[PDB]
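> Quick one: structure below, then a few questions.
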Amino acid sequence: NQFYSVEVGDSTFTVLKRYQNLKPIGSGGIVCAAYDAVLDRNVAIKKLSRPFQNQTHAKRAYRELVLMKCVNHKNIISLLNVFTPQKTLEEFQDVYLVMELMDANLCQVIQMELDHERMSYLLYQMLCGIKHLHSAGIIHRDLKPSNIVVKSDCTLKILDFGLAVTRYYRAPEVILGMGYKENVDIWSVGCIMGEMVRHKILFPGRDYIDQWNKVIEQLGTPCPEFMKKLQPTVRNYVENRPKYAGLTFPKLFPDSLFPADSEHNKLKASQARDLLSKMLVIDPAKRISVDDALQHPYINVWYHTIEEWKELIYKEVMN
Ligand SMILES: N#Cc1c(NC(=O)c2ccccc2F)sc2c1CCCC2
């Protein structure tokens with residue numbers, strides 16, 4: 001037997017003997033930290049439970065399985081290993097994904113007071129990864145702090161590959177479903193950046209109705225040429241919400257929320273606030289591109305059926 005089993009709270013992790021001393025570290029299914037005897041270093045292990053239980057799970061599991069192996073960048077997860085304990089296609093039940101062990105989630109980092117030095121290096125790293133995915137034909141469209149991990153030395157990796165549930169970081173074009181470009185991902189990075197400053201979710205809501213409301217109060221009702229690109233029915237809903245004027249960015253992010261103890265930090269606040277207002281733009285036509293955000297002075301400092309899916313996945317776990 002090359003495997004063994006151990007409980008981590010009703011979740012049985014049956015894993016290769018190389019992986020030792022399991023300990024839970026997250027569930028946004030189930031993920032463990034472990035020592036890997038062969039590599040003499042620490043790894044994270046995530047177990048997909050019967051990832052082929054429906055079209056949804058199976059389509060994502062399969063796509064993420066393929067790409068994670070297929071895509072190669074320092075700011076994007078990669079697998080050190082993939083395995084299933086089950087020996088046959090018939091008995092096949094679970095997939096385990098193994099990655100280099102990271103120390104924290106982005107939720108955790110946003111809770112800290114952070115300097116511009118670390119906040120800007122984290123943003124720089126999201127743009128690089130997001131940049132990379134785009135160059136590969138992957139527009140993510142679902143960036144959030146929970147699918148982004150961090151090491152103590154502030155190196156950052158994106159954990160998943162997007163759409164092909166936390167909704168706060170989704171762009172207007174996703175909230176309204178209207179067809180998107182690469183810079184749909186820039187909205188999300190703008191939401192993340194803002195939360196880092198404000199320490200509250202920029203656009204919360206029970207659903208997309210409340211959500212869009214939060215967007216228009218703070219940013220104001222968008223201009224006419226933006227509306228002209230919304231389909232008849234959604235366009236009607238948008239134009240008919242009470243129209244707001246929309247706070248400016250100094251009001252949205254008062255100096256209070258920035259270090260003002262030196263000139264460096266004063267300049268850095270100004271630049272930060274300037275980038276937030278290019279990212280947090282409702283109309284994609286007028287929202288900043290990834291390549292440009294990487295140029296910003298705040299940033300540039302760092303330059304088909306349950307049966308069928310089962311088999312498709314299995315092959316890929318075999319491979
Ligand atoms: N490393 C790491 C890590 C997580 N990893 C994963 O979710 C994961 C995703 C895909 C493949 C493997 C894997 F461990 S989840 C999580 C962490 C670090 C602590 C916060 C929660």
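Identifiers in this document derive from the order of the structure tokens: chains are assigned A, B, ..., residues are numbered from 1 separately in each chain, and ligands are numbered from 1 in order of occurrence.
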To test your reading of the structure, identify every residue in region 42-120 of chain A that backbone DSSP assigns to helix (DSSP H, G or I), and report it as an MDAnalysis selection string.
chainID A and resid 55:70 106:110 116:120
> Name the residues in contact with residue 290 (chain A) at a cut-off of 7 Å, using only C-alpha atoms, excluding same-chain residues fewer than 4 positions from it; report them as a PDB file with N, CA, C and O atoms, in the first residue's frame.

```
ATOM      1  N   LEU A 127      -1.102  41.940 -10.922  1.00  0.00           N
ATOM      2  CA  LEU A 127      -1.170  42.424 -12.280  1.00  0.00           C
ATOM      3  C   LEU A 127      -0.315  41.523 -13.164  1.00  0.00           C
ATOM      4  O   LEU A 127      -0.783  41.106 -14.216  1.00  0.00           O
ATOM      5  N   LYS A 131      -1.859  39.585 -15.935  1.00  0.00           N
ATOM      6  CA  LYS A 131      -1.226  39.800 -17.242  1.00  0.00           C
ATOM      7  C   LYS A 131      -0.936  38.464 -17.895  1.00  0.00           C
ATOM      8  O   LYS A 131      -1.372  38.214 -19.018  1.00  0.00           O
ATOM      9  N   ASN A 183      -9.590  43.885 -19.201  1.00  0.00           N
ATOM     10  CA  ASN A 183      -9.624  44.794 -18.066  1.00  0.00           C
ATOM     11  C   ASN A 183     -10.853  44.645 -17.181  1.00  0.00           C
ATOM     12  O   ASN A 183     -11.180  45.538 -16.408  1.00  0.00           O
ATOM     13  N   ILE A 186      -9.182  44.068 -13.879  1.00  0.00           N
ATOM     14  CA  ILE A 186      -8.690  45.287 -13.240  1.00  0.00           C
ATOM     15  C   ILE A 186      -9.683  45.846 -12.235  1.00  0.00           C
ATOM     16  O   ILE A 186      -9.288  46.382 -11.204  1.00  0.00           O
ATOM     17  N   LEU A 294       0.427  48.496 -14.730  1.00  0.00           N
ATOM     18  CA  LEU A 294       1.797  48.077 -14.470  1.00  0.00           C
ATOM     19  C   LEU A 294       2.766  49.251 -14.680  1.00  0.00           C
ATOM     20  O   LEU A 294       3.886  49.233 -14.162  1.00  0.00           O
TER      21      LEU A 294
END
```
> I'd like the contact shell of residue 147 (chain A) - 7 Å cut-off, only C-alpha atoms, skipping same-chain residues fewer than 4 positions apart - returned as a PyMOL selection string.
chain A and resi 143+158-160
> Report as a list in words all protein, DNA and RNA residues lying within 6 Å of residue 44 (chain A), evaluated on only C-alpha atoms, omitting residues in the same chain fewer than 5 positions from it.
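Surrounding residues, per the criterion: residues 32, 33, 98, 99 and 101 of chain A.
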> Counting only C-alpha atoms and all ligand atoms, what are the residues of chain A within 9 Å of ligand 1, and for each of them which pair of atoms is the nearest and at what distance in Å, to one decimal? Sort the table by chain and rising number, as a Markdown table.

```
| residue | atom | partner | partner_atom_place_in_ligand_line | distance |
| --- | --- | --- | --- | --- |
| A:24 | CA | ligand 1 | 21 (C) | 8.9 |
| A:25 | CA | ligand 1 | 19 (C) | 5.2 |
| A:26 | CA | ligand 1 | 21 (C) | 4.2 |
| A:27 | CA | ligand 1 | 21 (C) | 6.9 |
| A:28 | CA | ligand 1 | 21 (C) | 7.9 |
| A:29 | CA | ligand 1 | 7 (O) | 8.1 |
| A:30 | CA | ligand 1 | 7 (O) | 7.8 |
| A:31 | CA | ligand 1 | 14 (F) | 5.8 |
| A:32 | CA | ligand 1 | 14 (F) | 6.9 |
| A:33 | CA | ligand 1 | 1 (N) | 7.5 |
| A:43 | CA | ligand 1 | 1 (N) | 7.0 |
| A:44 | CA | ligand 1 | 14 (F) | 4.2 |
| A:45 | CA | ligand 1 | 14 (F) | 4.5 |
| A:46 | CA | ligand 1 | 14 (F) | 4.7 |
| A:47 | CA | ligand 1 | 12 (C) | 8.2 |
| A:64 | CA | ligand 1 | 10 (C) | 8.5 |
| A:65 | CA | ligand 1 | 11 (C) | 8.9 |
| A:68 | CA | ligand 1 | 11 (C) | 8.3 |
| A:77 | CA | ligand 1 | 10 (C) | 6.9 |
| A:78 | CA | ligand 1 | 11 (C) | 7.5 |
| A:79 | CA | ligand 1 | 11 (C) | 6.6 |
| A:96 | CA | ligand 1 | 12 (C) | 8.0 |
| A:97 | CA | ligand 1 | 12 (C) | 4.9 |
| A:98 | CA | ligand 1 | 12 (C) | 5.0 |
| A:99 | CA | ligand 1 | 12 (C) | 4.9 |
| A:100 | CA | ligand 1 | 1 (N) | 6.1 |
| A:101 | CA | ligand 1 | 1 (N) | 4.1 |
| A:102 | CA | ligand 1 | 1 (N) | 3.7 |
| A:103 | CA | ligand 1 | 18 (C) | 4.9 |
| A:104 | CA | ligand 1 | 19 (C) | 4.0 |
| A:105 | CA | ligand 1 | 20 (C) | 4.2 |
| A:106 | CA | ligand 1 | 20 (C) | 8.0 |
| A:107 | CA | ligand 1 | 20 (C) | 8.7 |
| A:108 | CA | ligand 1 | 20 (C) | 8.4 |
| A:146 | CA | ligand 1 | 21 (C) | 7.3 |
| A:147 | CA | ligand 1 | 7 (O) | 7.2 |
| A:148 | CA | ligand 1 | 16 (C) | 8.3 |
| A:149 | CA | ligand 1 | 18 (C) | 6.0 |
| A:150 | CA | ligand 1 | 18 (C) | 7.3 |
| A:151 | CA | ligand 1 | 1 (N) | 8.5 |
| A:157 | CA | ligand 1 | 1 (N) | 8.8 |
| A:159 | CA | ligand 1 | 9 (C) | 5.4 |
| A:160 | CA | ligand 1 | 10 (C) | 6.8 |
```
> Output as a PyMOL selection string all residues of region 31-189 of chain A that backbone DSSP marks as strand (DSSP E).
chain A and resi 31-36+41-49+79-83+94-100+104-105+148-150+156-158
> Kindly save the residues from that selection, with C-alpha atoms included, as a JSON list (two decimals), in the first residue's frame.

```json
[["chain", "number", "residue", "atom", "x", "y", "z"],
["A", 31, "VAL", "CA", -7.14, 21.76, 2.08],
["A", 32, "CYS", "CA", -4.22, 20.58, 4.24],
["A", 33, "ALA", "CA", -0.68, 21.51, 5.07],
["A", 34, "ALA", "CA", 1.76, 18.61, 5.18],
["A", 35, "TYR", "CA", 5.43, 17.73, 5.23],
["A", 36, "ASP", "CA", 6.54, 16.00, 2.06],
["A", 41, "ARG", "CA", 9.68, 20.77, 2.28],
["A", 42, "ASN", "CA", 6.12, 21.79, 3.10],
["A", 43, "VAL", "CA", 3.16, 21.40, 0.76],
["A", 44, "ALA", "CA", -0.53, 22.18, 0.69],
["A", 45, "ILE", "CA", -2.97, 19.41, -0.24],
["A", 46, "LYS", "CA", -6.46, 19.93, -1.48],
["A", 47, "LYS", "CA", -8.91, 17.08, -1.87],
["A", 48, "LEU", "CA", -11.69, 17.30, -4.43],
["A", 49, "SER", "CA", -14.66, 15.17, -3.17],
["A", 79, "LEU", "CA", 1.04, 21.63, -9.00],
["A", 80, "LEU", "CA", 3.90, 19.56, -7.66],
["A", 81, "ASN", "CA", 1.65, 16.51, -7.93],
["A", 82, "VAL", "CA", -1.84, 15.07, -8.60],
["A", 83, "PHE", "CA", -3.16, 11.69, -7.42],
["A", 94, "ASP", "CA", -11.32, 11.64, -5.23],
["A", 95, "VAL", "CA", -8.57, 13.82, -6.63],
["A", 96, "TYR", "CA", -5.78, 15.33, -4.54],
["A", 97, "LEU", "CA", -3.87, 18.40, -5.74],
["A", 98, "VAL", "CA", -0.49, 19.26, -4.25],
["A", 99, "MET", "CA", 1.16, 22.67, -4.27],
["A", 100, "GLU", "CA", 4.03, 24.57, -2.59],
["A", 104, "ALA", "CA", -1.84, 33.05, 4.39],
["A", 105, "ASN", "CA", -4.89, 34.15, 2.46],
["A", 148, "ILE", "CA", -5.24, 34.53, -3.66],
["A", 149, "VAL", "CA", -2.43, 33.31, -1.37],
["A", 150, "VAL", "CA", 0.62, 34.86, 0.19],
["A", 156, "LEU", "CA", 1.77, 36.05, -3.99],
["A", 157, "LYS", "CA", -0.05, 33.46, -6.06],
["A", 158, "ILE", "CA", -3.45, 33.30, -7.68]]
```
> For residue 318 (chain A), please output as a VMD selection string all residues within 10 Å (counting only C-alpha atoms; exclusion window: fewer than 2 positions along the same chain).
chain A and resid 82 to 84 312 to 316
> Can you work out which one of A:300, A:218, A:155, A:54 has the shortest atom-to-atom distance to residue 245 (chain A), counting only C-alpha atoms?
A:218
> If you count only C-alpha atoms, which residues fall within 9 Å of residue 208 (chain A), apart from same-chain ones fewer than 4 positions away, as number ranges by chain?
A: 167-168, 175-176, 212-213
> For residue 288 (chain A), please output as an MDAnalysis selection string all residues within 12 Å (counting only C-alpha atoms; exclusion window: fewer than 6 positions along the same chain).
chainID A and resid 127 181:187 189:190 274:282 294:296
> Enter the distance from CA of residue 301 (chain A) to CA of residue 268 (chain A), in Å, rounded to one decimal.
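Calculated distance between CA of residue 301 (chain A) and CA of residue 268 (chain A) is 11.2 Å.
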> Which residue, A:171, A:193, A:226, A:9, has the smallest gap to residue 285 (chain A) when you use only C-alpha atoms?
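Of the candidates, the smallest distance to residue 285 (chain A) is held by A:226.
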> With only C-alpha atoms as the basis for distance, which of A:242, A:51, A:194, A:85 is at the shortest distance from residue 16 (chain A)?
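Among the listed residues, A:85 lies closest to residue 16 (chain A).
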